[PDB]
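Under the entry's author numbering, the residues of the sequence shown are numbered 35 to 137, 141 to 817, in order.
Even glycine gets a Cβ: it sits at the ideal position worked out from N, Cα and C.
The structure under discussion appears below in the form of structure tokens.
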Amino acid sequence: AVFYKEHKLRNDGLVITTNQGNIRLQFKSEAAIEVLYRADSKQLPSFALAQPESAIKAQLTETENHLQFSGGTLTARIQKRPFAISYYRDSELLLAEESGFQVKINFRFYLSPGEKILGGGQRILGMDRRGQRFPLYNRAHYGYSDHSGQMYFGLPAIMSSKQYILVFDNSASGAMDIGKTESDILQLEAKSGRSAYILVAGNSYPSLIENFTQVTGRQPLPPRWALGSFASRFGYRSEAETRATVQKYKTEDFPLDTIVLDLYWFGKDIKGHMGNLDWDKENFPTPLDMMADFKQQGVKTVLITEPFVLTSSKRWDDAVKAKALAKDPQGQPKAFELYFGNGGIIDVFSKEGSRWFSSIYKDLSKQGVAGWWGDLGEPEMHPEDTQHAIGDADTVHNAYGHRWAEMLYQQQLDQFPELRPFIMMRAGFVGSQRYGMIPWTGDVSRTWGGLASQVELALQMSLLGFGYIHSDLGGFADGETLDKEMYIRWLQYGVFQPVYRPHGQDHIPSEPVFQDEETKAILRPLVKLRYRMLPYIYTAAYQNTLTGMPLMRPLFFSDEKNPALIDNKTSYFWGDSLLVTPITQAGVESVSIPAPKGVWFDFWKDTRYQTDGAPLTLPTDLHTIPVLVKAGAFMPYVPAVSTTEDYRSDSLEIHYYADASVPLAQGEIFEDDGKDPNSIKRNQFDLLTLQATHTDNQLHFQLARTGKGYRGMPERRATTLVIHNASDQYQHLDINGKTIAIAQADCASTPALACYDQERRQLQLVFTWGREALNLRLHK
Ligand SMILES: OC[C@@H]1[C@@H](O)[C@H](O)[C@@H](O)[C@@H]2N[C@H]12
Ligand SMILES: O=C([O-])C(=O)[O-]
């Protein structure tokens, strides 16, 4: 029995008193609200909110049976007796409390009939998680395939078909029950921790996500090199082996930006050395030279680190002496068994642990290390009587990796303020993206099932803040011999997902350079294609920094009024323009692609398809996976380079997919120095825009550049524009009012300024794109 007793406003927040205690409501923006129950009591702070203290001005009104607290899109409606808060966008009901808050921590809400619920972070259960119940406890799932209710990186959040996001702002061992136990009840639970939730609303999925990342944190632009080719295995055993691998990329003519070193960099065995956090000199005798020698070839070095210091490690006595480790309740360093051996866990929640760990990252970063891999932050083993500075293991568990990232991010920004940190981690919390976190999906099995789950995982993480979620390309766990077809399919799909990092246990090679002749002839041009497409990918990255828009988008974005599309986890958008359908079984001879209504082109073959709703059937081959381009797309390319350190946009090649069904289209290309964390804030960029206007008798392109530019920015780019599906009736072109004839022969064989290829239906324009506006007009 809960009822309203009294309220007041203090500092823009509404504090309500019931018979059971105090409740604080603060709008964190016009469409986001933090609801803190037990507000009177001391509890852990918010982890999910980028600005925990903020509270924007809201409107309060009172009636007999209700209060109403409104931010301008989001309204909280507070029923007095019995006490129940519900949430409205306009006057559409988003979400209503059932019994709401109780005791242990427990929140109960009604689900509407037909409401679909995405969320939970990494699970393999189906896109719509309604009807499921699962824990909120980050945990390894070694060798997963086609099913999981619990893995490395859960999120205590959901996204509904009613276009709200709900966050349980609580770091503790808990559970979510999405209308499983009771069909119309969403229940959130925890053993302890903060008793708060956050509701975010939107008028569309993009703007929900913009609103969500507004209050939880925007990912800062990673360094362009994170969009490149990684060499990684578990693991290079020696400096010789690592140098031989960088060399193999060179001698095999595969692009390579970054080599990743796993745990053998600090000791010769898997067990017993962890916490050394220093070079194993018997096997890495000259590491500063190694890294400098690699940097001369434009290659970065990334090192694995972990939260555990073993008692067998060289740093045990020192970590104990500095009070860097988590303690038992008695006050001693807590030691426990891990796979790796007997050890403790660095307390990133304390000042002492944070300083000690940070000093180590500083020193290695001074030596040459460009980036950082933080493995096992679930934490992988975390006994319940472990005590951190702010709470026990079960209370802080799901926020450990999150704070680890914060610690490392701040440290790297402090040491290198002119560089963008690279932080790759296995576990975090809502908002960990504001510390640069780049998550991967853990120890996936080397099976088709492992590959077939990657899109579901990626989309689930992308929707709730994590743009750079990716997989171990080719698969990681077990196997006894390479499954060549699965490997190829996985590295194909790789091109069209966020981070190009094949990784696997080293009894089978993960790196494409170590594959047979057929596999390399298939994958070499695709890895090059990933580099030629950097303008497309880096521009989606820019948009993610700006608005939260994930790089991978689900099919369901294509039609917000068709909730059945929510179930699709086999076709997705890579940026605005490409609909990708990975092949996830052996021997598949054709696919049916549920392309939205409109016009689509085969990316590889240029074939044009129109569809009014029905799916398209495309045949498959071993050299590609099915990718369709949306009519009206501008696909930008630069020439392939070995390393993003050599990246230039002096030469652009842009492909426009014309169709009269799209009378107006746009694209952009975001260019900056690829490394400056302040490029966007300070406008040190070159933002190229392109607008096509397509009428019955003309096709008009308007080109422009904004921003203040950056150092090394080309003033003039040689630009080849290729118009696919171009009309054969264009007689003339003018460029900024100057008329040029269109050639109809020998387009591939003359330095033609405008040439129509009648066999391919492509019109090619070659011109100089300088700083001033440019207008290209084709007319029949
Ligand atoms: O460090 C060894 C190895 C690493 O290669 C994987 O990527 C991790 O998820 C897991 N900890 C196991
Ligand atoms: O699209 C056009 O304008 C045509 O096909 O001739």
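Quickly, what does DSSP pair residue i with across the bridge? List them, please.
i	result
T757	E690, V803
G47	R44
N379	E374
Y793	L800
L340	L298, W409
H100	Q113
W611	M589, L615
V636	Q647
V564	According to DSSP, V564 bridges with nothing at all.
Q542	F271
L148	None, per the DSSP bridge assignment.
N812	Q739
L653	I630
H769	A778, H816
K364	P370, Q424
Could you compute how far the alpha carbon of residue i sits from the alpha carbon of residue j?
i	j	result
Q60	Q85	12 Å
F103	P116	18 Å
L192	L653	35 Å
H540	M586	27 Å
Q200	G304	50 Å
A177	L665	36 Å
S266	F459	14 Å
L494	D765	45 Å
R685	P788	22 Å
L293	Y147	51 Å
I603	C792	44 Å
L496	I67	25 Å
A372	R280	37 Å
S241	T348	53 Å
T109	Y121	6 Å
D422	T618	47 Å
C784	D794	6 Å
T730	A82	43 Å
Should residue i go down as buried or exposed, given a rule of 16 or more other Cβ atoms within 10 Å for buried?
i	result
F671	buried
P656	exposed
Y286	buried
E131	buried
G378	buried
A778	exposed
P454	exposed
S229	buried
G168	exposed
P79	exposed
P259	buried
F466	buried
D290	exposed
Cβ-heavy atom distance between residue i and ligand 2 below 6 Å?
i	result
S764	yes
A785	no
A670	no
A177	no
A601	no
Helix, strand or coil: which one does DSSP assign to residue i?
i	result
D214	strand
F190	coil
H737	strand
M498	helix
residue 139	Residue numbering in the chain jumps from 137 to 141; residue 139, which lies between, is not modelled.
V204	strand
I603	helix
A782	coil
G105	coil
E131	strand
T478	coil
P172	strand
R392	helix
How about residue i: is its Cβ closer than 6 Å to a heavy atom in ligand 1?
i	result
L314	no
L300	yes
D515	no
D306	no
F271	yes
Measuring only from the beta carbon, is residue i closer than 6 Å to any heavy atom that is part of ligand 4?
i	result
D709	Ligand 4 is not among the ligands present in this structure, which contains only ligand 1 and ligand 2.
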